[PDB]
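I have placed the structure first, in the form of structure tokens, so that the comments after it can refer back to it.
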Amino acid sequence: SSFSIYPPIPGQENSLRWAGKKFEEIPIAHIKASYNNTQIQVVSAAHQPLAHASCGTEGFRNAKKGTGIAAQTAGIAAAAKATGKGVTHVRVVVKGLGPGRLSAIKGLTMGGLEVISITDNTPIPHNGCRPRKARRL
Amino acid sequence: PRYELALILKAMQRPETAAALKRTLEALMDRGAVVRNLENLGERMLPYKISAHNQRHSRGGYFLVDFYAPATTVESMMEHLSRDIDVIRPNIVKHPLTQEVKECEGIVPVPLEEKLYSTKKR
Amino acid sequence: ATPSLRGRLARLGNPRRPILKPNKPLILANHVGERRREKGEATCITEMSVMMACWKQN
Amino acid sequence: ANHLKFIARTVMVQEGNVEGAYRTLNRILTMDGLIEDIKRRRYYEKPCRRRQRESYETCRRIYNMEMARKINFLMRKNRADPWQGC
Amino acid sequence: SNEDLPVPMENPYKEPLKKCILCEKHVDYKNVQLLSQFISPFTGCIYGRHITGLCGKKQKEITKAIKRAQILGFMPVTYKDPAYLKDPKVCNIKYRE
Amino acid sequence: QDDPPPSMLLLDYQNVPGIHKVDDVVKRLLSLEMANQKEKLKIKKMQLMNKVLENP
Amino acid sequence: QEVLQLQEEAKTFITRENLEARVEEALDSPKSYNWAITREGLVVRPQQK
Amino acid sequence: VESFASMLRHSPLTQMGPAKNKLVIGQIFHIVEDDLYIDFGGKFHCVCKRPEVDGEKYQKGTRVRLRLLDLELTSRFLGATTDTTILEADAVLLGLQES
RNA sequence: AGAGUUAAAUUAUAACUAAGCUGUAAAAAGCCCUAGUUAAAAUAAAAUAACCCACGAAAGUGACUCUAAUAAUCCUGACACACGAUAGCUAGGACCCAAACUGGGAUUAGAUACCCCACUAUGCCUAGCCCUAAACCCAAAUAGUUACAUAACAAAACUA
Ligand SMILES: [Mg+2]
Ligand SMILES: [Mg+2]
Ligand SMILES: [Mg+2]
Ligand SMILES: [Mg+2]
Ligand SMILES: [Mg+2]
Ligand SMILES: [Mg+2]
Ligand SMILES: [Mg+2]
Ligand SMILES: [Mg+2]
Ligand SMILES: [Mg+2]
Ligand SMILES: [Mg+2]
Ligand SMILES: [Mg+2]
Ligand SMILES: [Mg+2]
Ligand SMILES: [Mg+2]
Ligand SMILES: [Mg+2]
Ligand SMILES: [Mg+2]
Ligand SMILES: [Mg+2]
Ligand SMILES: [Mg+2]
Ligand SMILES: [Mg+2]
Ligand SMILES: [Mg+2]
Ligand SMILES: [Zn+2]
């Protein structure tokens, strides 16, 4: 039972399939977890948006959508729409560090999507654009 | 070898690669530089998609040309290579063999620093 | 291993610009710090959500 | 962007275990220092503050390493005293 | 008058100094396989001295070679090339526990 | 201003026997054409010290 | 000795006559500088595969 | 009369030289529930853990074999004028006077 | 000091999907020519390496390559000469992002402040000025000693 956490790059010849599809054709789920909102967009391998759900789209409010429960609910909401179009496995790509980071990931499983991998694509500039000034002067 | 050019040519056919290498070496010789050796490192996948000459390049052939050139003809060759549409990213550096390897002595045991504070009783 | 301390502090014998500016003197005390108590958090939030899911639909 | 996707900061789940894979990824990021850098880059810090933070962290690391070294050195003497009552 | 007195001589039990993994070697910018052994497989971060265990010169040489190669276009910056993922581990950092 | 020829055969390979019998490629490589500014500085220094000083 | 050593390497330099042969032989003789290292400090060459 | 330098030159401690990985016979002089105080005889006494095999064979006065690692554990720390001696030596247990 | 180059992020710009996005302890305002994904020039800056302590007289400098190059056969020494962080001025250019000022929205009795939003000078390049800093390591330079000897604290006391 030799299992490697490294992704199955297309350059290799490994035989790993999910529901008969290769790792390259499995749809993607971009989860942008900001400090005040969490958005989820499930797209196909061909970069075609299938489902979209955010904490604000569920009837929440300003400070209500910033909690983890809002992200957990948005995960189920996105998973229902993804399953409505015939999606069983998805690759999660997380963007940003927020309170609803793991909440959306587990909400996807609660809503009925099997996560095969978690990708952390957080934008970290190499000292590029200057961010805003610090608070509490 | 004095200077080393790490030429990254566009992935093309054998005759086109040969013609591009021939003209690049002729340009190097025209500047007053004698060529020591040319080594082909093989056609590999680029680490990142390099965009050059209004073209997105995903592959490329790697070549290494070592030579002796005057210090004034480096930028001229760089300028000539910059306008060549068959070159992805040219770079001329000093040859590593020029710098003689220094004696790597190893880790020297550095003692903890003392006498940093006075001997007053706390 | 322990980071180097030579040539770090501002001393008369040190010729260069000091690297470290300690808030308090680097003297190893005879007592370690007390263990900090972990901050509590709300629990059973995910289960309360699915409990209220019944009510919202029923 | 120009690099290939689904290679960096990617962990494959094992037998449907997602919570553990997320913890593994969080440990990866913490050991690589990306969590602290991301939390620090939310608001810009001036160079004087960056130097002060670096000096404070270096001093704290030195003190912690020395305290841990002394604790490990003195761990032997934690045994029961054989000369009690003398 | 005494013959058994100690003599002021050098220490014969002087153990040789330890060598870095690249002691008396040649660090290059074209051996991307060698350069990848010191970077994080997940993020590409260059490991420090406390991880690599290289005496002062070679750590700086490795850093300079990696920075040169990543901009010349031989080694990726964001991640480590999977072709070199099976290289023997020389670093002292363990991620999976 | 002094005008050191590009084929000056710098002093590091000037005082060795059998240097004029070598081919033009090696002579050009050992000449000032392929040399940096430090070699020209050395050549100018020796040329000035040979002509101005009495005890080099 | 440096001059004598450089005389030997002057024979294998690339010139106008040898340009075509050198390009063709370089295009057919690939070279690799990749070599890994071990914890003991032993050089391992991937050429054995 | 014999001089101190003459006797020290032929002393077994001088013949030993460095105390790294040396086989020394040491006699146990004190017994604890799980710790054994073995006096290898040089300066201090080393504390060792009783092994699983032949545990009851270790008693007071028993002579055992040790591989000496350090004659005395002393180290320096932050702001320490002198070292912090542990008043103990470092050694491992191998056997009990095999013969 | 010059010349050349860009890995990450962001953006002007197009396509699919969706309705909010951003915003805080909580809100409001703002934008809905909005948000997410896929491609994307120009400008600005230069993650880890750095638990390193090097270079330079100091200020200062750590994305990469090339050229030039870091005085004194080495004491002190100005009102003389040459430099001199950020900020500001003049003329030309660039402007992703941040932001003095300003205008709104919060809180307050008041808030021309701390909190959020938008934006300007400015921070960016060339040339010319201005010559000020907690320009502090608050410890002058040159060759030394561990002798006598703790006002206190702090970086121990001192010689020529
Ligand atoms: Mg202030
Ligand atoms: Mg200095
Ligand atoms: Mg203080
Ligand atoms: Mg300039
Ligand atoms: Mg880019
Ligand atoms: Mg623009
Ligand atoms: Mg509103
Ligand atoms: Mg950088
Ligand atoms: Mg000097
Ligand atoms: Mg003077
Ligand atoms: Mg200015
Ligand atoms: Mg502006
Ligand atoms: Mg702004
Ligand atoms: Mg206002
Ligand atoms: Mg100024
Ligand atoms: Mg200063
Ligand atoms: Mg002053
Ligand atoms: Mg003075
Ligand atoms: Mg007192
Ligand atoms: Zn070494």
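Identifiers in the structure tokens: chain A, B, ... in order shown; residue index from 1 per chain; ligand index from 1 in order shown.
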Counting only C-alpha atoms, which residues of chain F come no farther than 7 Å from chain B, as a PyMOL selection string?
chain F and resi 33-36
With N, CA, C and O atoms kept, could you save the residues just selected as a short mmCIF file (atom, residue, chain, number, x, y, z; two decimals), in the first residue's frame?
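Heads up, here's the output in part-v5.cif:
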```cif
data_model
loop_
_atom_site.label_atom_id
_atom_site.label_comp_id
_atom_site.auth_asym_id
_atom_site.auth_seq_id
_atom_site.Cartn_x
_atom_site.Cartn_y
_atom_site.Cartn_z
N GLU F 33 43.89 41.72 -26.15
CA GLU F 33 42.57 41.81 -26.76
C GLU F 33 41.53 41.06 -25.93
O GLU F 33 40.40 41.54 -25.74
N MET F 34 41.89 39.89 -25.42
CA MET F 34 41.01 39.08 -24.59
C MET F 34 41.16 39.38 -23.11
O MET F 34 40.54 38.70 -22.28
N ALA F 35 41.95 40.39 -22.75
CA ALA F 35 42.22 40.72 -21.36
C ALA F 35 41.26 41.79 -20.86
O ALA F 35 40.62 42.50 -21.64
N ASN F 36 41.16 41.90 -19.54
CA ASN F 36 40.31 42.89 -18.90
C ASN F 36 41.11 44.16 -18.63
O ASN F 36 42.24 44.33 -19.11
#
```
Let me see if you get this right: every residue at most 12 Å from ligand 10, counting only C-alpha atoms (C1' of nucleotides) and all ligand atoms, written as a ChimeraX atom specification.
/I:72,74-78,141-142
Might you pull out every residue within 8 Å of range 88-96 of chain E, with only C-alpha atoms (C1' of nucleotides) counted and same-chain residues fewer than 6 positions away left off, and present them as a CSV table (one decimal) with N, CA and C atoms, in the first residue's frame?
```
chain,number,residue,atom,x,y,z
D,24,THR,N,-2.4,18.1,7.2
D,24,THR,CA,-1.1,17.9,6.6
D,24,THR,C,-0.6,19.1,5.8
D,27,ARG,N,0.3,22.0,8.2
D,27,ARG,CA,1.6,21.7,8.7
D,27,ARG,C,2.7,22.0,7.6
D,28,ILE,N,2.5,21.7,6.4
D,28,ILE,CA,3.4,22.0,5.3
D,28,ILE,C,3.6,23.5,5.2
D,31,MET,N,5.5,24.9,8.4
D,31,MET,CA,6.9,24.6,8.4
D,31,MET,C,7.6,25.3,7.3
E,37,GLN,N,17.7,19.3,-4.4
E,37,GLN,CA,17.8,18.6,-3.2
E,37,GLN,C,17.7,19.4,-2.0
E,38,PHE,N,17.8,20.8,-2.1
E,38,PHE,CA,17.8,21.7,-1.0
E,38,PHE,C,16.6,22.6,-1.0
E,51,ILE,N,18.7,23.2,8.5
E,51,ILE,CA,18.1,22.1,7.8
E,51,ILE,C,19.2,21.4,6.9
E,52,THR,N,19.9,22.2,6.1
E,52,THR,CA,20.8,21.7,5.1
E,52,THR,C,22.0,21.1,5.8
E,53,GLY,N,22.6,21.8,6.8
E,53,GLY,CA,23.8,21.3,7.4
E,53,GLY,C,25.1,21.5,6.5
G,36,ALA,N,23.3,13.9,-8.3
G,36,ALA,CA,22.8,14.1,-7.0
G,36,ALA,C,23.9,13.8,-5.9
G,37,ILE,N,23.6,14.1,-4.7
G,37,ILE,CA,24.5,13.8,-3.5
G,37,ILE,C,23.7,13.1,-2.5
G,38,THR,N,24.5,12.4,-1.6
G,38,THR,CA,23.9,11.6,-0.5
G,38,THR,C,24.3,12.2,0.8
G,39,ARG,N,23.7,11.7,1.9
G,39,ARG,CA,24.0,12.2,3.2
G,39,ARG,C,25.5,12.0,3.6
```
Chain G contacts on chain B, only C-alpha atoms, 6 Å, as number ranges by chain
B: 35-36, 39-42
Find the residues near ligand 19. Use a cut-off of 12 Å, count only C-alpha atoms (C1' of nucleotides) and all ligand atoms, and write them as a count of residues only.
7
Given a cut-off of 8 Å, what residues near ligand 15 show up using only C-alpha atoms (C1' of nucleotides) and all ligand atoms, put as a ChimeraX atom specification?
/I:84-85,130-132
Name each residue within 6 Å of ligand 8, counting only C-alpha atoms (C1' of nucleotides) and all ligand atoms, as a PyMOL selection string.
(chain A and resi 126) or (chain I and resi 46+63)
Using DSSP assignments from the backbone, pull out every residue in chain G that falls under alpha helix (DSSP H) and give it to me as a ChimeraX atom specification.
/G:2-10,19-28
Step by step, measure atom-to-atom distances between ligand 17 and each residue using only C-alpha atoms (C1' of nucleotides) and all ligand atoms, keep those at most 12 Å, then write them as a PyMOL selection string.
chain I and resi 133-140
Would you mind exporting N, CA and C atoms (P, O5', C5', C4', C3', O3' and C1' of nucleotides) of the selected residues as a PDB file, in the first residue's frame?
```pdb
ATOM      1  P     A I 133      19.530  68.315  12.201  1.00  0.00           P
ATOM      2  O5'   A I 133      18.652  66.989  12.151  1.00  0.00           O
ATOM      3  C5'   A I 133      19.055  65.820  12.846  1.00  0.00           C
ATOM      4  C4'   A I 133      17.981  64.764  12.816  1.00  0.00           C
ATOM      5  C3'   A I 133      18.358  63.419  13.413  1.00  0.00           C
ATOM      6  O3'   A I 133      18.258  63.400  14.826  1.00  0.00           O
ATOM      7  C1'   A I 133      17.311  63.085  11.323  1.00  0.00           C
ATOM      8  P     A I 134      19.547  63.715  15.732  1.00  0.00           P
ATOM      9  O5'   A I 134      19.688  62.428  16.658  1.00  0.00           O
ATOM     10  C5'   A I 134      18.643  62.045  17.544  1.00  0.00           C
ATOM     11  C4'   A I 134      18.433  60.551  17.535  1.00  0.00           C
ATOM     12  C3'   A I 134      17.719  59.999  16.304  1.00  0.00           C
ATOM     13  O3'   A I 134      18.240  58.707  16.000  1.00  0.00           O
ATOM     14  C1'   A I 134      16.487  59.454  18.240  1.00  0.00           C
ATOM     15  P     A I 135      18.687  58.348  14.500  1.00  0.00           P
ATOM     16  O5'   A I 135      20.178  58.895  14.395  1.00  0.00           O
ATOM     17  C5'   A I 135      20.470  60.056  13.633  1.00  0.00           C
ATOM     18  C4'   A I 135      21.494  59.770  12.564  1.00  0.00           C
ATOM     19  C3'   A I 135      22.934  60.119  12.904  1.00  0.00           C
ATOM     20  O3'   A I 135      23.574  59.126  13.685  1.00  0.00           O
ATOM     21  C1'   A I 135      22.408  60.950  10.758  1.00  0.00           C
ATOM     22  P     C I 136      24.655  59.550  14.795  1.00  0.00           P
ATOM     23  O5'   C I 136      24.328  58.604  16.033  1.00  0.00           O
ATOM     24  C5'   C I 136      24.974  57.345  16.181  1.00  0.00           C
ATOM     25  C4'   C I 136      24.125  56.364  16.951  1.00  0.00           C
ATOM     26  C3'   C I 136      22.884  55.856  16.216  1.00  0.00           C
ATOM     27  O3'   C I 136      22.631  54.504  16.593  1.00  0.00           O
ATOM     28  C1'   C I 136      22.233  56.930  18.215  1.00  0.00           C
ATOM     29  P     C I 137      22.751  53.329  15.506  1.00  0.00           P
ATOM     30  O5'   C I 137      23.213  52.066  16.358  1.00  0.00           O
ATOM     31  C5'   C I 137      22.450  51.619  17.475  1.00  0.00           C
ATOM     32  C4'   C I 137      23.303  51.470  18.710  1.00  0.00           C
ATOM     33  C3'   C I 137      23.711  52.778  19.382  1.00  0.00           C
ATOM     34  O3'   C I 137      23.805  52.577  20.791  1.00  0.00           O
ATOM     35  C1'   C I 137      25.646  51.608  18.699  1.00  0.00           C
ATOM     36  P     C I 138      22.605  53.038  21.755  1.00  0.00           P
ATOM     37  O5'   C I 138      22.726  54.625  21.783  1.00  0.00           O
ATOM     38  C5'   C I 138      23.862  55.261  22.360  1.00  0.00           C
ATOM     39  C4'   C I 138      24.156  56.580  21.691  1.00  0.00           C
ATOM     40  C3'   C I 138      25.323  57.365  22.286  1.00  0.00           C
ATOM     41  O3'   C I 138      25.977  58.098  21.250  1.00  0.00           O
ATOM     42  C1'   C I 138      23.348  58.645  22.455  1.00  0.00           C
ATOM     43  P     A I 139      27.180  57.432  20.417  1.00  0.00           P
ATOM     44  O5'   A I 139      28.272  57.086  21.524  1.00  0.00           O
ATOM     45  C5'   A I 139      29.140  58.093  22.035  1.00  0.00           C
ATOM     46  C4'   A I 139      30.269  57.503  22.844  1.00  0.00           C
ATOM     47  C3'   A I 139      31.190  56.548  22.087  1.00  0.00           C
ATOM     48  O3'   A I 139      32.516  56.650  22.610  1.00  0.00           O
ATOM     49  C1'   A I 139      30.175  55.404  23.887  1.00  0.00           C
ATOM     50  P     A I 140      33.518  57.806  22.112  1.00  0.00           P
ATOM     51  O5'   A I 140      33.726  57.510  20.561  1.00  0.00           O
ATOM     52  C5'   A I 140      33.065  58.289  19.575  1.00  0.00           C
ATOM     53  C4'   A I 140      34.045  58.969  18.650  1.00  0.00           C
ATOM     54  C3'   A I 140      35.323  58.204  18.350  1.00  0.00           C
ATOM     55  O3'   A I 140      35.147  57.201  17.366  1.00  0.00           O
ATOM     56  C1'   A I 140      35.851  60.448  18.863  1.00  0.00           C
TER      57        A I 140
END
```
Can you pull out the residues contacting residue 45 in chain A? Cut-off 10 Å, using only C-alpha atoms (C1' of nucleotides), and skip same-chain residues under 4 positions away; I want them as a PyMOL selection string.
chain A and resi 23-28+49+90-91
At a cut-off of 10 Å around ligand 12, and using only C-alpha atoms (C1' of nucleotides) and all ligand atoms, what residues come up? Please write them as a list in words.
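Listing the residues within 10 Å of ligand 12 gives residues 95, 99, 119, 120, 121, 122 and 123 of chain I.
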How would the residues just picked look written out with N, CA, C and O atoms (P, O5', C5', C4', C3', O3' and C1' of nucleotides) as a PDB file, in the first residue's frame?
```
ATOM      1  P     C I  95       1.831  54.979 -17.843  1.00  0.00           P
ATOM      2  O5'   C I  95       1.561  54.912 -16.274  1.00  0.00           O
ATOM      3  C5'   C I  95       1.971  53.791 -15.504  1.00  0.00           C
ATOM      4  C4'   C I  95       1.797  54.045 -14.029  1.00  0.00           C
ATOM      5  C3'   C I  95       0.367  54.251 -13.555  1.00  0.00           C
ATOM      6  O3'   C I  95      -0.311  53.028 -13.332  1.00  0.00           O
ATOM      7  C1'   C I  95       1.764  55.934 -12.640  1.00  0.00           C
ATOM      8  P     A I  99      -3.630  53.336   1.726  1.00  0.00           P
ATOM      9  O5'   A I  99      -3.034  54.801   1.912  1.00  0.00           O
ATOM     10  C5'   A I  99      -1.949  55.044   2.796  1.00  0.00           C
ATOM     11  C4'   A I  99      -1.229  56.319   2.434  1.00  0.00           C
ATOM     12  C3'   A I  99      -2.072  57.583   2.482  1.00  0.00           C
ATOM     13  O3'   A I  99      -2.153  58.127   3.788  1.00  0.00           O
ATOM     14  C1'   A I  99      -0.901  57.494   0.430  1.00  0.00           C
ATOM     15  P     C I 119      -9.193  55.242  -6.375  1.00  0.00           P
ATOM     16  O5'   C I 119      -8.681  56.749  -6.421  1.00  0.00           O
ATOM     17  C5'   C I 119      -9.244  57.682  -7.331  1.00  0.00           C
ATOM     18  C4'   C I 119      -8.966  59.101  -6.906  1.00  0.00           C
ATOM     19  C3'   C I 119      -7.503  59.461  -6.714  1.00  0.00           C
ATOM     20  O3'   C I 119      -6.846  59.767  -7.932  1.00  0.00           O
ATOM     21  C1'   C I 119      -8.747  60.220  -4.855  1.00  0.00           C
ATOM     22  P     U I 120      -5.244  59.713  -8.022  1.00  0.00           P
ATOM     23  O5'   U I 120      -4.781  61.131  -7.463  1.00  0.00           O
ATOM     24  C5'   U I 120      -5.216  62.332  -8.083  1.00  0.00           C
ATOM     25  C4'   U I 120      -4.645  63.548  -7.398  1.00  0.00           C
ATOM     26  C3'   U I 120      -3.151  63.514  -7.119  1.00  0.00           C
ATOM     27  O3'   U I 120      -2.368  63.844  -8.253  1.00  0.00           O
ATOM     28  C1'   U I 120      -4.292  64.233  -5.182  1.00  0.00           C
ATOM     29  P     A I 121      -0.890  63.234  -8.418  1.00  0.00           P
ATOM     30  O5'   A I 121       0.011  64.142  -7.467  1.00  0.00           O
ATOM     31  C5'   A I 121       0.145  65.536  -7.702  1.00  0.00           C
ATOM     32  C4'   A I 121       0.765  66.237  -6.520  1.00  0.00           C
ATOM     33  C3'   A I 121       2.141  65.744  -6.101  1.00  0.00           C
ATOM     34  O3'   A I 121       3.187  66.308  -6.873  1.00  0.00           O
ATOM     35  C1'   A I 121       0.754  65.924  -4.197  1.00  0.00           C
ATOM     36  P     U I 122       4.290  65.366  -7.564  1.00  0.00           P
ATOM     37  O5'   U I 122       4.798  64.426  -6.382  1.00  0.00           O
ATOM     38  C5'   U I 122       5.528  64.955  -5.286  1.00  0.00           C
ATOM     39  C4'   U I 122       5.624  63.957  -4.160  1.00  0.00           C
ATOM     40  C3'   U I 122       6.286  62.635  -4.509  1.00  0.00           C
ATOM     41  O3'   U I 122       7.700  62.708  -4.476  1.00  0.00           O
ATOM     42  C1'   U I 122       4.274  62.224  -3.339  1.00  0.00           C
ATOM     43  P     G I 123       8.579  61.857  -5.516  1.00  0.00           P
ATOM     44  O5'   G I 123       8.619  60.400  -4.876  1.00  0.00           O
ATOM     45  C5'   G I 123       9.103  60.200  -3.556  1.00  0.00           C
ATOM     46  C4'   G I 123       8.708  58.848  -3.019  1.00  0.00           C
ATOM     47  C3'   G I 123       9.051  57.658  -3.898  1.00  0.00           C
ATOM     48  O3'   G I 123      10.405  57.258  -3.785  1.00  0.00           O
ATOM     49  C1'   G I 123       6.825  57.458  -3.143  1.00  0.00           C
TER      50        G I 123
END
```
Pick out the residues sitting within 8 Å of range 25-37 of chain C, and hand them over as a compact mmCIF listing (two decimals) with N, CA and C atoms, in the first residue's frame; count only C-alpha atoms (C1' of nucleotides), and ignore anything fewer than 4 positions along from it in its own chain.
```txt
# COMPACT_ATOMS: atom_id res chain seq x y z
N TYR B 117 28.03 40.64 29.46
CA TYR B 117 27.39 41.42 30.51
C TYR B 117 28.32 41.48 31.72
N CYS D 59 16.52 37.03 19.13
CA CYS D 59 16.83 36.94 20.56
C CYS D 59 15.96 35.89 21.25
N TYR D 63 17.30 32.50 23.15
CA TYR D 63 16.96 32.19 24.53
C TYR D 63 16.24 30.86 24.65
N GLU D 66 18.75 27.95 24.08
CA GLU D 66 19.58 27.75 25.25
C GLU D 66 18.82 27.15 26.43
N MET D 67 17.59 27.60 26.67
CA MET D 67 16.79 27.02 27.74
C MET D 67 16.49 25.55 27.47
N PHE H 77 26.22 28.28 29.21
CA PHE H 77 24.97 28.81 28.70
C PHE H 77 25.01 30.33 28.66
N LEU H 78 23.86 30.97 28.42
CA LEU H 78 23.82 32.42 28.30
C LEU H 78 24.16 33.08 29.62
N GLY H 79 25.09 34.04 29.58
CA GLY H 79 25.45 34.79 30.76
C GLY H 79 26.02 33.97 31.89
N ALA H 80 26.79 32.94 31.58
CA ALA H 80 27.39 32.07 32.59
C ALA H 80 28.88 32.32 32.66
```
Show me, as a PyMOL selection string, the residues that have an atom within 7 Å of residue 58 in chain B when counting only C-alpha atoms (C1' of nucleotides), minus same-chain residues fewer than 5 positions from it.
chain B and resi 45-46+49-50
Create the file for the chosen residues now, containing N, CA and C atoms and written as a compact mmCIF listing (two decimals), in the first residue's frame.
```
# COMPACT_ATOMS: atom_id res chain seq x y z
N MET B 45 11.50 20.23 -21.17
CA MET B 45 10.33 21.07 -20.92
C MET B 45 10.74 22.29 -20.11
N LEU B 46 10.29 23.46 -20.55
CA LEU B 46 10.63 24.68 -19.85
C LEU B 46 9.99 24.69 -18.47
N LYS B 49 6.27 28.86 -18.78
CA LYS B 49 5.95 29.28 -20.15
C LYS B 49 6.57 30.64 -20.41
N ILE B 50 7.69 30.66 -21.12
CA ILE B 50 8.39 31.90 -21.44
C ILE B 50 7.72 32.55 -22.64
```
I'd like the contact shell of range 15-18 of chain D - 9 Å cut-off, only C-alpha atoms (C1' of nucleotides), skipping same-chain residues fewer than 3 positions apart - returned as a PyMOL selection string.
(chain A and resi 105-106+109+114-118) or (chain D and resi 21-23)
Output of the above residues as a tab-separated table (two decimals), in the first residue's frame, restricted to N, CA, C and O atoms:
```tsv
chain	number	residue	atom	x	y	z
A	105	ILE	N	-14.43	23.46	2.68
A	105	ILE	CA	-13.92	22.17	2.23
A	105	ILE	C	-14.75	21.04	2.83
A	105	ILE	O	-15.13	20.09	2.14
A	106	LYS	N	-15.05	21.13	4.13
A	106	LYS	CA	-15.88	20.10	4.75
A	106	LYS	C	-17.34	20.22	4.35
A	106	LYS	O	-18.05	19.21	4.31
A	109	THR	N	-17.94	18.12	1.23
A	109	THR	CA	-18.17	16.72	1.57
A	109	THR	C	-19.55	16.50	2.19
A	109	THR	O	-20.21	15.50	1.90
A	114	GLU	N	-16.80	14.34	-3.27
A	114	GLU	CA	-15.64	13.61	-2.78
A	114	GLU	C	-14.38	14.35	-3.19
A	114	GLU	O	-14.09	14.46	-4.39
A	115	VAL	N	-13.65	14.87	-2.21
A	115	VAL	CA	-12.42	15.60	-2.45
A	115	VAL	C	-11.28	14.61	-2.58
A	115	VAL	O	-11.10	13.74	-1.72
A	116	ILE	N	-10.50	14.73	-3.65
A	116	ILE	CA	-9.37	13.84	-3.89
A	116	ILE	C	-8.07	14.52	-3.50
A	116	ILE	O	-7.10	13.87	-3.12
A	117	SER	N	-8.05	15.85	-3.58
A	117	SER	CA	-6.84	16.61	-3.29
A	117	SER	C	-7.22	18.03	-2.90
A	117	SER	O	-8.23	18.57	-3.36
A	118	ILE	N	-6.38	18.63	-2.06
A	118	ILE	CA	-6.55	20.01	-1.62
A	118	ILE	C	-5.32	20.78	-2.08
A	118	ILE	O	-4.19	20.47	-1.68
D	21	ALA	N	-5.86	15.42	5.65
D	21	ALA	CA	-5.13	16.03	4.55
D	21	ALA	C	-5.02	17.54	4.72
D	21	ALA	O	-3.97	18.12	4.42
D	22	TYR	N	-6.09	18.19	5.19
D	22	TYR	CA	-6.02	19.62	5.45
D	22	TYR	C	-5.02	19.94	6.56
D	22	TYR	O	-4.29	20.92	6.47
D	23	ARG	N	-4.98	19.12	7.61
D	23	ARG	CA	-3.98	19.31	8.66
D	23	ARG	C	-2.57	19.11	8.12
D	23	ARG	O	-1.65	19.85	8.50
```
Given a cut-off of 8 Å, what residues near ligand 14 show up using only C-alpha atoms (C1' of nucleotides) and all ligand atoms, put as a ChimeraX atom specification?
/I:103-104,112
Could the residues in this selection be written to a file with C-alpha atoms (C1' of nucleotides), as a PDB file, in the first residue's frame?
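Below is the file result_31.pdb, written as the result:
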```pdb
ATOM      1  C1'   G I 103     -14.729  64.508   0.170  1.00  0.00           C
ATOM      2  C1'   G I 104     -18.066  61.014   2.083  1.00  0.00           C
ATOM      3  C1'   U I 112     -11.862  69.196  11.166  1.00  0.00           C
TER       4        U I 112
END
```
